[PDB]
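Novice: My structure is below; once you've seen it, I'll send some questions.
Ideal geometry is used to build each Cβ from the backbone, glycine not excepted, and the neighbour counts take in all protein chains shown. Please treat every number below as a calculation from the coordinates, not as lab data.
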Number of protein chains: 2
Amino acid sequence: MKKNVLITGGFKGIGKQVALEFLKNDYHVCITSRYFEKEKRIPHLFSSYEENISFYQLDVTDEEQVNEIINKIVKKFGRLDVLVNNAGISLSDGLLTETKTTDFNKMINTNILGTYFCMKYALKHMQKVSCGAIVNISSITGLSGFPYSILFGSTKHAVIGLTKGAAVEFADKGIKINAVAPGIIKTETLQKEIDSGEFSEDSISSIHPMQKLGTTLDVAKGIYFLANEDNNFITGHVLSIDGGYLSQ
Amino acid sequence: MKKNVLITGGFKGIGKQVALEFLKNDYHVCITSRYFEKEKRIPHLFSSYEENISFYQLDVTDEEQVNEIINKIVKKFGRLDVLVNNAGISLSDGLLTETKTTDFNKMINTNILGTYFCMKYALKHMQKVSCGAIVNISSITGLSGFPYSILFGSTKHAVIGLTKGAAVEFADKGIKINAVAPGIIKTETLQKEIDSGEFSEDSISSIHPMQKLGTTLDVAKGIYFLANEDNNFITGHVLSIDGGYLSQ
Ligand SMILES: NC(=O)c1ccc[n+]([C@@H]2O[C@H](COP(=O)([O-])OP(=O)(O)OC[C@H]3O[C@@H](n4cnc5c(N)ncnc54)[C@H](OP(=O)(O)O)[C@@H]3O)[C@@H](O)[C@H]2O)c1
Ligand SMILES: NC(=O)c1ccc[n+]([C@@H]2O[C@H](COP(=O)([O-])OP(=O)(O)OC[C@H]3O[C@@H](n4cnc5c(N)ncnc54)[C@H](OP(=O)(O)O)[C@@H]3O)[C@@H](O)[C@H]2O)c1
């Protein structure tokens, strides 16, 4: 009886907040981790929402597993209203000439291929019912050149490509496909890097015109807006959630 | 006690639906017309909301009047949470070579100067409290070249300029300034141009990849999202509400 959303992730960072936002809006939420040991955290991470959450172990780089997991969800729930491609990694080296090819391939596999696989098998099901929403997560680096994050940015540019391409292809099938482009977001990972003193908050805050960092809630709200049933006419769009970064 | 929004318009088309959207979200709404006679329509257009509506006569091309009206609103309500620059006109002729300078000037006056005047005086007040949101209405023609709508497109390009410029300028002051870029929207005006048979609905809706027209609610939802208290980190952005038009 509830709308159903699959998030690739959900246990930390943006993904966890995305899970919370959909739960607060009466969705059944499917969350994932590569690590089965995370399933037992659910009652404690999501106190009052336990009954509306389903766990799946999933590595998005494993195409067969992506197909298997999405099939399982569709069989069990009879619906897949929303896919959020949250899974993503940044292996931030130095200058381009010093970057590791192995790092690039890992980012390609997770950020591009993972998102492609999830889209590919979700759309197989969404096609059949002529409805659904996909929200991909890009970055400001997916729309601009960002020193020391060139390779990450390249993968996030590719994500925008998958978004716009699929949007135009599925537009007449009533499926909305959009992306968000976050600036620098204060996740747990970043918060502890600020807390350990190796990074000043004000130092990296200054990157955005609003002179503050983004929050996981900022991102979750944008994603929710693009995914909910009241989005009838927004598709192929990349929503900047960046305190004005891309407007300069 | 309620958040307060000024809409340049409110009696027809997109502006009326914007009015309705903010009213449903517990705002006090200031709505305008150039025509004082429209005030008497309020209990009939907005049956259950009249206690939360204030009418002001306003021509946005009159800078003096814009300053007067915004001053009166701030004096009476002690707040101005949101400005929506809805007022706008399109005077379509033929090819560029055939266009009338008087038409261009009229569109410049209403679309560019009117939006500028309202921004100018709203920001004088918002600046003082370091909070507020402005949503401007651009168009797909503000982001692309559209035969037969070149001059209109030019004004809506200029609207984006004011949007991004002011966003960066006021970003550190806690004020969010964004725009929406609608495709072709089925307003009362269009609905009768379809009803008269001078245009087929399928004919003009085919320009959007979604193969349908936008609705006034589509636009209102987008504007509300960019304007509400939960937008903390989106500024300088142009949200396309265009059935995928700009993604091709
Ligand atoms: N943080 C930022 O400032 C920022 C800025 C722009 C864009 N983004 C993007 O936003 C998204 C979320 O970022 P975040 O900072 O919230 O990440 P995070 O806190 O590091 O969390 C990463 C999430 O991705 C999952 N994941 C990683 N690799 C996976 C794989 N191969 N298969 C399945 N799941 C995988 C993780 O699950 P397990 O570890 O439990 O397996 C975890 O849920 C990413 O696409 C990221 O690139 C982040
Ligand atoms: N309809 C579309 O397909 C479309 C597409 C892209 C963008 N837009 C933009 O969306 C906005 C609304 O369009 P719409 O189609 O909803 O318009 P509409 O139905 O023609 O209504 C026009 C509104 O603008 C007001 N207005 C016009 N000139 C004014 C002036 N000089 N001073 C103060 N108010 C003035 C009118 O108020 P009174 O007549 O009561 O004075 C009315 O509220 C415009 O900026 C338009 O350019 C529309």
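Novice: Can you compute the charge dipole magnitude of the protein assembly as shown about its Cα centre, using +1 on each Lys and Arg Cβ and -1 on each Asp and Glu Cβ, nothing else charged? Give it in debye, rounded to the nearest 20. Please report the intermediate quantities before stating the final value.
Specialist: Working: 52 positive and 54 negative charges, 131 e Å.
Around 620 debye, computed over the protein assembly as shown.
Novice: Something else: Output, in nm with one decimal and in ascending order, the distances from the A:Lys120 label point to the matching label points of the other copies (7 Å from Cα along Cα-to-Cβ).
Specialist: Once sorted, the set of distances for A:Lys120 reads 5.7 nm.
Novice: Where in segment A:55-85 is the amide nitrogen less than 20 Å from a point lying 7 Å along the Cα-to-Cβ axis of A:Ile108?
Specialist: Once the point is set 7 Å along Cα→Cβ of A:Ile108, A:60-64 turn out to lie under 20 Å by backbone N, inside segment A:55-85.
Novice: Which whole-number percent gives the relative contact order of segment A:200-248, counting Cα pairs below 8 Å spaced six or more residues apart? Before the final figure, lay out each step's value.
Specialist: Working: 31 pairs, mean separation 22.5, N = 49.
46 percent.
Novice: Taking 0.36 nm per residue of sequence separation and subtracting the Cα-Cα distance, how much length would be gained by fully extending the chain between B:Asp26 and B:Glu98, in nm to one decimal? Mind dumping the intermediate values first?
Specialist: On the way: separation 72, 0.36 × 72 = 25.92 nm, distance 4.75 nm.
So the chain would gain 21.2 nm between B:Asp26 and B:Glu98.
Novice: Moving on to the next point. Using the 7 Å Cα-to-Cβ label point, sort the distances from B:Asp172 to its equivalents in the other copies shortest first and give them in nm to one decimal.
Specialist: 5.1
Novice: Name the long-range amide H neighbours of B:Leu239: under 5 Å, sequence gap of 5 or more, or other chain; modelled H, no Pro or chain starts.
Specialist: Counting only residues 5 or more places away or on other chains, the set is B:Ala179, B:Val180, B:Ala181.
Novice: Hey, which residue of A has the C-beta nearest the axis mapping A onto B, and what's the distance in Å?
Specialist: Axis relating chain A to chain B; nearest Cβ residue and distance: A:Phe225, 3.
Novice: Relative contact order for chain B using alpha-carbon pairs under 8 Å, separation at least 6, rounded to a whole percent?
Specialist: Details: 466 pairs, mean separation 48.4, N = 248.
The value is 20 percent.
Novice: Which residues among segment B:44-82 fall inside the zone where the amide N is under 17 Å from a point 7 Å beyond the Cα of B:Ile89, along Cα→Cβ?
Specialist: Label zone hits: B:58-66.
Novice: Report Rg (one decimal) and Dmax (nearest whole number) for segment B:115-248, counting Cα atoms only, units Å.
Specialist: 16.2, 52
Novice: Further question: I need the inter-copy label distances for B:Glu229: point set 7 Å along Cα to C-beta, values in nm with one decimal, smallest first.
Specialist: Here B:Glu229 shows inter-copy label distances of 2.6 nm.
Novice: So what's chain A giving for Cα Rg divided by 2.2 N^0.38 Å, two decimals?
Specialist: Values: Rg = 17.5 Å, N = 248, 2.2 N^0.38 = 17.9 Å.
That ratio works out to 0.98.
Novice: Hey, another quick one. How large is ³J(HN,Hα), in whole Hz, for each residue of segment A:152-166 in order, when computed from phi with the Karplus curve 6.51 cos²θ - 1.76 cosθ + 1.60 and θ = phi - 60°, using x for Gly and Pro?
Specialist: 3, x, 4, 5, 6, 5, 4, 4, 4, x, 4, 4, 5, x, 5
Novice: Starting from the Cα gyration tensor of the protein assembly as shown, multiply each eigenvalue by 5, take the square root, and state the resulting semi-axes largest first in whole Å.
Specialist: Equivalent-ellipsoid dimensions as semi-axes: 39, 25, 23 Å.
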